[PDB]
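Chains as they are written, first to last, in PDB author numbering: chain S, 2 to 156, 164 to 176; chain s, 2 to 31; chain C, 313 to 363; chain f, 3 to 108; chain e, 4 to 121; chain O, 2 to 197; chain M, 4 to 128; chain E, 33 to 195.
Virtual Cβ for every residue (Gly too), placed ideally from N, Cα, C.
Here's the structure, in structure tokens; my notes come after.
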Amino acid sequence: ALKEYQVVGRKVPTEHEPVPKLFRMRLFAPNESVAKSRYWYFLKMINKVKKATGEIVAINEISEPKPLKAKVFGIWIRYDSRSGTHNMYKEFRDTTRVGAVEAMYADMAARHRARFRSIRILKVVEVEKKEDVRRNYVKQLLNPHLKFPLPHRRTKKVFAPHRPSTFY
Amino acid sequence: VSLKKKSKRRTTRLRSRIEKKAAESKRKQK
Amino acid sequence: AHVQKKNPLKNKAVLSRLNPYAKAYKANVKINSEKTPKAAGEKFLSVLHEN
Amino acid sequence: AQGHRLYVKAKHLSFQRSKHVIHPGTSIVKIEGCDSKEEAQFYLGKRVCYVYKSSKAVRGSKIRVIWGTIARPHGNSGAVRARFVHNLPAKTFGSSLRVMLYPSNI
Amino acid sequence: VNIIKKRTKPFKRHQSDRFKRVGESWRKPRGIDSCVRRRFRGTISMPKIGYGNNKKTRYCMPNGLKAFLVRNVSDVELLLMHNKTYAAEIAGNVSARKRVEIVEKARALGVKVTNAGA
Amino acid sequence: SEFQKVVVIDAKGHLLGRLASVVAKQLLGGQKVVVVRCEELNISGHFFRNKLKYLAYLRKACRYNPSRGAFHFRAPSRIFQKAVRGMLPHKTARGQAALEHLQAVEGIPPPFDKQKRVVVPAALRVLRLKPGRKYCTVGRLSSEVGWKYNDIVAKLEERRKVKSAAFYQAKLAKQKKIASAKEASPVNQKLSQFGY
Amino acid sequence: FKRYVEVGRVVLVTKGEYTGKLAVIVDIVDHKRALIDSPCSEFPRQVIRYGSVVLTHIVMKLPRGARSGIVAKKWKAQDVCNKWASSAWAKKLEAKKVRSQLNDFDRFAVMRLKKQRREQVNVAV
Amino acid sequence: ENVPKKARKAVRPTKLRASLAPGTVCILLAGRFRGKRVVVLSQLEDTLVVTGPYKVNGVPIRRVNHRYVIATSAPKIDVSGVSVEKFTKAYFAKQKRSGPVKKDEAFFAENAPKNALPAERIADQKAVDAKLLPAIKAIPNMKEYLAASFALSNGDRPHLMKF
RNA sequence: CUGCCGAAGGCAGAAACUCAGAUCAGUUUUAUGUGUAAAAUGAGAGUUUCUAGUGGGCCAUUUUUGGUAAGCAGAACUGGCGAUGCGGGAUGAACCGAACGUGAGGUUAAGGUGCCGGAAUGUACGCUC
RNA sequence: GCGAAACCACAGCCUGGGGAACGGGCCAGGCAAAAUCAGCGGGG
RNA sequence: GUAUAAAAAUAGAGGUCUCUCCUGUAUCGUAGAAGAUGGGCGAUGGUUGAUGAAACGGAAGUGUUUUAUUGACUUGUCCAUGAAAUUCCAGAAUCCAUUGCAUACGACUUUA
Numbered sequence: 002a003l004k005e006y007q008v009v010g011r012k013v014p015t016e017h018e019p020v021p022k023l024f025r026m027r028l029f030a031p032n033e034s035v036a037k038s039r040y041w042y043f044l045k046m047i048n049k050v051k052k053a054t055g056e057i058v059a060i061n062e063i064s065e066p067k068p069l070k071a072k073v074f075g076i077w078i079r080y081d082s083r084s085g086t087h088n089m090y091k092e093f094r095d096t097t098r099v100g101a102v103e104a105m106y107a108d109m110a111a112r113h114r115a116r117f118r119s120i121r122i123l124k125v126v127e128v129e130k131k132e133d134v135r136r137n138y139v140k141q142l143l144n145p146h147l148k149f150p151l152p153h154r155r156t164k165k166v167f168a169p170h171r172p173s174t175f176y
Numbered sequence: 002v003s004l005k006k007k008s009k010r011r012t013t014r015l016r017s018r019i020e021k022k023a024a025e026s027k028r029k030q031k
Numbered sequence: 313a314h315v316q317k318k319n320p321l322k323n324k325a326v327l328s329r330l331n332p333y334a335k336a337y338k339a340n341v342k343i344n345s346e347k348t349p350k351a352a353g354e355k356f357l358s359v360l361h362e363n
Numbered sequence: 003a004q005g006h007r008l009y010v011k012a013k014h015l016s017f018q019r020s021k022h023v024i025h026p027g028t029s030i031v032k033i034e035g036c037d038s039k040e041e042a043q044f045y046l047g048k049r050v051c052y053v054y055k056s057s058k059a060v061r062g063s064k065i066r067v068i069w070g071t072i073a074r075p076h077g078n079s080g081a082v083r084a085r086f087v088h089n090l091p092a093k094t095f096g097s098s099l100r101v102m103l104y105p106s107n108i
Numbered sequence: 004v005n006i007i008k009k010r011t012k013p014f015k016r017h018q019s020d021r022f023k024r025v026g027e028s029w030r031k032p033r034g035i036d037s038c039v040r041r042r043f044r045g046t047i048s049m050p051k052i053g054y055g056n057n058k059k060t061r062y063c064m065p066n067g068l069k070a071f072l073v074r075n076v077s078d079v080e081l082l083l084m085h086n087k088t089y090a091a092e093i094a095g096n097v098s099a100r101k102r103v104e105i106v107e108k109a110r111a112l113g114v115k116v117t118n119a120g121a
Numbered sequence: 002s003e004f005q006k007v008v009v010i011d012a013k014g015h016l017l018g019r020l021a022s023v024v025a026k027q028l029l030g031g032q033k034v035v036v037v038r039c040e041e042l043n044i045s046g047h048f049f050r051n052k053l054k055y056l057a058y059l060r061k062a063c064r065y066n067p068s069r070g071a072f073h074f075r076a077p078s079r080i081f082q083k084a085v086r087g088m089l090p091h092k093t094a095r096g097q098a099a100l101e102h103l104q105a106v107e108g109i110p111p112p113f114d115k116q117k118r119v120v121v122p123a124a125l126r127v128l129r130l131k132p133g134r135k136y137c138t139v140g141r142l143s144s145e146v147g148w149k150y151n152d153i154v155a156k157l158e159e160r161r162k163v164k165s166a167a168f169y170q171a172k173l174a175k176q177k178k179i180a181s182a183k184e185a186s187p188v189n190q191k192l193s194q195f196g197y
Numbered sequence: 004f005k006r007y008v009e010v011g012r013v014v015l016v017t018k019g020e021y022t023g024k025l026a027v028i029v030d031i032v033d034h035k036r037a038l039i040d041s042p043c044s045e046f047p048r049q050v051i052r053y054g055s056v057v058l059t060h061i062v063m064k065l066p067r068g069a070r071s072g073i074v075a076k077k078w079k080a081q082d083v084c085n086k087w088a089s090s091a092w093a094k095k096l097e098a099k100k101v102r103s104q105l106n107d108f109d110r111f112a113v114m115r116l117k118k119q120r121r122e123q124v125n126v127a128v
Numbered sequence: 033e034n035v036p037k038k039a040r041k042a043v044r045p046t047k048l049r050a051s052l053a054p055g056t057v058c059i060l061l062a063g064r065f066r067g068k069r070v071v072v073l074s075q076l077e078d079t080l081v082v083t084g085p086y087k088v089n090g091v092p093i094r095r096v097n098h099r100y101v102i103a104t105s106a107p108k109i110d111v112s113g114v115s116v117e118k119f120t121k122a123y124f125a126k127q128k129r130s131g132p133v134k135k136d137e138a139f140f141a142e143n144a145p146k147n148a149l150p151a152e153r154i155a156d157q158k159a160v161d162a163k164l165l166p167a168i169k170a171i172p173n174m175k176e177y178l179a180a181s182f183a184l185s186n187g188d189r190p191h192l193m194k195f
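Take a look at the structure:
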């Protein structure tokens with residue numbers, strides 16, 4: 002699965018730069034090693050800081066402060082496509098930022114044939130205001146009187169003696 | 002049943018020839 | 313000599329031979345007892361729960 | 003009429019095999035009622051027997067038995083691996099084996 | 004200690020089951036592309052040094068005594084100090100008179116005979 | 002889920018491929034299988050596409066002696082048998098013996114109409130097909146590919162359902178009598194703490 | 004018999020380590036997952052998908068997003084416990100559970116008892 | 033005449049299953065008395081010195097290997113009121129065959145319980161039964177449970193049922 | 001008949017003797033600009049001598065120029081093949097793993113778990129008629 | 001009634017594939033029931 | 001234990017306005033020296049065997065019900081006897097003949 006990490010890093014201090022600036026990024030990766038490499042290439046492509054002359058100063062996994070409250074997360078991401086450039090913004094209702102990112106990765110691999118390396122996440126933000134929600138299906142979930150029967154009921165022990173119920 | 006006019010399965014010369022000439026196409030566009 | 317290789321990790325006697333310290337090792341020691349001091353700088357909490 | 007059968011039923015499915023290679027030294031057995039590897043844990047080490055009949059009378063009986071023992075589970079669906087004193091014939095595929103309740107561990 | 008044979012089927016020359024001009028005795032294939040020499044699947048095995056049996060039991064019969072060929076009473080007497088490890092086997096050309104003379108000599112020696120009842 | 006000598010499967014509402022695969026695995030396991038009522042097997046895909054599939058199957062024939070050419074079987078039971086045998090190693094003695102353990106029939110003949118008929122959930126269309134999907138019936142594809150015994154089976158099935166309904170009503174009445182006497186008996190409440 | 008996914012519908016968990024337990028839906032997270040609670044202490048608050056649970060016919064009034072404390076409070080007030088048991092469905096389930104917990108001596112007790120049940124087979128003529 | 037090396041394999045007492053305490057009702061999974069239910073008098077070095085009440089199911093004083101025994105959850109039967117120290121391996125020793133030159137219908141007529149079986153062995157068995165029957169008579173259904181026999185049926189899964 | 005060593009597109013082996021070495025490396029660092037020079041790791045390193053077989057070609061790789069509807073042609077390196085069986089890709093001279101004494105047990109690679117076929121008609125989220 | 005010879009690794013069904021040379025042997029399918037007689041010559 | 005027969009739908013079914021399903025982990029059966037020998041107490045039942053007669057079942061009727069007469073066993077409940085040294089698992093057709101509606105020879109169609 003995925004875990005959210007904060008990676009703080011800087012280049013090695015020298016005489017030219019006695020106090021190098023400290024760069025922190027919030028990013029998602031299965032483990033710390035992938036997170037550090039994910040961060041290093043991001044730092045290379047944004048600020049041209051080489052991996053050799055830099056160092057990861059702080060690694061910290063982050064847990065969801067309120068995993069028991071359903072939230073709506075809007076995700077700004079950039080995609081590499083045939084043209085090599087695209088921008089998308091999706092909304093997912095889930096109780097955890099990590100799960101929202103996992104759902105985003107599954108949806109994009111399902112729709113646009115996107116892989117982990119092809120997807121770079123710009124921002125995952127929480128949308129508390131109902132009006133700020135843009136997606137109609139999210140608004141459908143947010144309606145106060147939501148109700149619906151179970152979808153995809155679908156139901164070793166081969167050779168059942170009776171016919172299936174698949175109803176109530 | 003296949004239900005096709007052209008077989009979906011390919012011959013070994015044909016499948017090998019794609020990697021022969023697909024690579025050359027990348028060489029040409031380079 | 314040494315007709316068969318015996319793993320000290322499954323054979324207690326062989327571990328006793330090679331390591332004359334396993335008699336008194338005391339792996340599980342009490343460091344925390346109960347008086348735990350919750351210590352995390354408020355600046356660290358802010359930068360952690362930032363963005 | 004029903005005061006017996008201290009054993010459970012089983013089928014000899016196939017040899018422990020790859021796609022093109024078979025290893026008759028160990029066989030695959032499907033126990034009736036066992037549908038997972040954790041359930042097969044109970045039947046591990048039990049004595050399985052293959053009972054067949056022949057024409058010639060030896061020791062005044064038509065019945066011959068080949069003994070075996072369940073060794074390890076096979077797959078996720080409850081099938082197990084069995085090793086016999088004599089490897090089962092390939093003509094017994096789908097035949098019925100009798101897995102006894104001893105040596106018991108409970 | 005017991006007796007263990009690595010293999011019991013003897014190595015037959017390739018195609019000796021197809022031709023009668025080709026004997027059953029093993030001959031090593033010489034063709035560069037022959038399947039037997041290149042050792043493909045489902046092919047008769049080739050005699051390898053790895054097929055040899057344990058030295059402590061090699062040449063020993065199933066009962067553990069190595070067979071020693073004997074033609075006369077002198078050869079019987081040579082197995083006096085080796086009766087626990089060697090067994091006298093009567094030569095096939097020994098006449099009936101020497102056979103009964105030899106077999107009782109071995110029976111008095113306490114030396115096993117592998118073809119006594121003949 | 003216990004080894005029976007004969008399993009009678011009422012193929013109504015099942016999917017041809019899924020039921021064939023389950024049956025083909027049981028035959029290799031060594032179980033006699035009777036698949037009754039084969040004119041009710043369901044196949045995914047709309048009827049016109051399935052008929053085009055079958056009519057393409059007729060096209061396969063020898064150019065010398067079509068008598069030796071492919072044998073196109075039109076009965077729904079034979080259609081199921083072809084599906085099953087394609088999932089078996091019938092070129093060997095094991096697969097050939099497995100085929101002998103399968104009896105696929107049209108309707109439910111009298112020797113098997115008085116026996117319990119289990120169903121396979123892994124092949125049932127209701128549990129395995131997304132609602133709103135087009136499908137077809139083998140007993141219908143057969144009639145428009147050459148099968149000529151549809152009316153007789155339907156008539157003999159209406160008779161069978163009438164007789165079975167009468168039998169069930171009689172058995173239900175007897176079961177009601179037994180059920181009424183059940184709570185009247187006392188031990189059914191006296192020491193029923195074991196859950197029975 | 005509808006079993007709509009409402010806020011406050013009590014449900015029976017059927018897959019996972021909490022199989023056989025009774026819960027109540029507190030919030031509907033999305034199309035395919037929901038948040039449930041229960042007054043019973045052994046079952047913690049968690050988000051569960053609809054494939055691991057079967058909906059019951061009992062609906063209990065419950066404000067959305069309520070904490071476990073008042074969920075127990077409203078559960079005890081409307082008496083959801085033993086209201087689920089009053090249904091014959093729960094009686095069958097607990098009868099199966101007791102029958103599974105049963106043993107060989109008590110199986111012989113059931114032996115004799117149901118033989119005494121078949122004792123009568125008395126039908127009026 | 034080579035001298036074999038001294039094997040370092042010493043003999044230590046068996047650690048029997050904790051469920052096989054004396055006084056427990058158990059099923060025989062093998063032997064002539066397969067499926068019978070018996071009361072475990074004591075635990076020998078390897079097997080169980082066990083008997084079913086002979087006045088109930090007719091199972092004499094016999095040893096049974098602990099691997100051929102199904103322990104039940106049936107309530108314990110008191111055995112502390114009878115001595116068990118007279119049951120030893122030498123007591124159960126099957127003397128010695130001393131040659132297979134037998135079995136001409138004379139070793140089998142001179143066998144069975146009429147002969148061979150001493151009147152002393154009958155005395156201990158009756159004494160054990162006399163000290164065991166009052167307990168099983170007091171607690172209900174033990175007499176009938178022990179007289180019955182164990183057998184499997186359709187829908188019975190040994191890996192699921194707990195005895 | 002068996003065993004051992006074993007190529008080649010000047011080699012492999014044999015014998016005669018150095019030094020217990022800073023003596024070499026299909027290698028990486030350090031310094032100076034793929035060259036050279038002076039730390040890492042591995043290895044016992046070597047020199048003269050003679051004597052079998054071969055000096056071909058196919059496939060792909062990355063560096064260029066000449067090119068055309070269109071492929072194509074000519075170079076250099078790299079490997080695989082050739083002397084190489086085995087697992088998989090339905091089967092295969094060049095695809096993915098893996099270098100082979102006789103066996104027992106365990107675990108995997110590549111590829112797979114509806115049936116043929118050993119292995120989940122597994123779990124979770126979407127797309128498609 | 002008499003009585004040969006050429007030829008002969010072994011043989012004998014077709015479809016798609018087996019990089020080629022597709023072949024009869026290999027892969028996946030259709031299929032597949034003794035022993036034979038007279039024709040015609042497609043396939044060597 | 002060679003035990004278990006409605007049908008149909010699954011965005012609905014069935015039973016007495018009410019109730020049930022939400023799988024057979026269910027139901028029927030299940031002791032006995034492989035099923036022995038007796039004694040009671042309680043019910044007219046169950047297992048039914050043997051025959052003997054009625055009806056039903058034609059899709060491949062592979063059987064179903066109804067009985068009757070009996071001979072049985074009647075664990076329904078409660079008692080007494082024996083088990084063991086199995087002392088630790090194992091009338092037809094054809095040939096010969098005939099026919100010419102047929103025919104290389106077989107075969108066929110007739111007579112005999």
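Check	Outcome
Starting from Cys-51 of chain f, follow the alpha helix (DSSP H) in both directions and report where the run begins and ends.	No alpha helix (DSSP H) contains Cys-51 of chain f, which is instead part of the beta strand (DSSP E) from 49 to 60.
Give a yes or no on whether the minimum CB-CB distance between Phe-195 of chain E and chain M is below 7 angstroms.	yes
Is the region 131 to 151 of chain O in contact with the region 64 to 77 of chain O, if contact means three or more CB pairs nearer than 8 angstroms?	yes
For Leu-360 of chain C, report the span of its alpha helix (DSSP H) as first-last.	354 to 360
Could you check where the beta strand (DSSP E) with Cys-137 of chain O kicks off and where it finishes?	136 to 138
Going by DSSP, what residue range makes up the beta strand (DSSP E) through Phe-17 of chain f?	9 to 19
Applying the 10 Å Cβ sphere with the 16-neighbour rule, what's the burial state of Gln-7 of chain S?	buried
Whole beta strand (DSSP E) runs in the region 11 to 94 of chain M with 3 or more residues, listed along the chain?	12 to 16, 25 to 30, 36 to 40, 49 to 52, 56 to 62
Do you know whose CA, among M:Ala-26, M:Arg-115, M:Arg-6, M:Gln-123, lies nearest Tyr-177 of chain E's CA?	M:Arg-115
Can you tell me the Cα-Cα spacing of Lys-135 of chain O and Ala-98 of chain M, whole angstroms?	42 angstroms
Which partner residues of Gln-75 of chain E appear in the DSSP bridge assignment?	E:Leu-80
Which residues bound the beta strand (DSSP E) around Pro-26 of chain f?	24 to 33
For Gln-104 of chain O, name the three-state secondary structure that DSSP assigns.	strand
Can you give me the C-alpha to C-alpha distance between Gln-81 of chain M and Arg-154 of chain S, rounded to a whole angstrom?	30 angstroms
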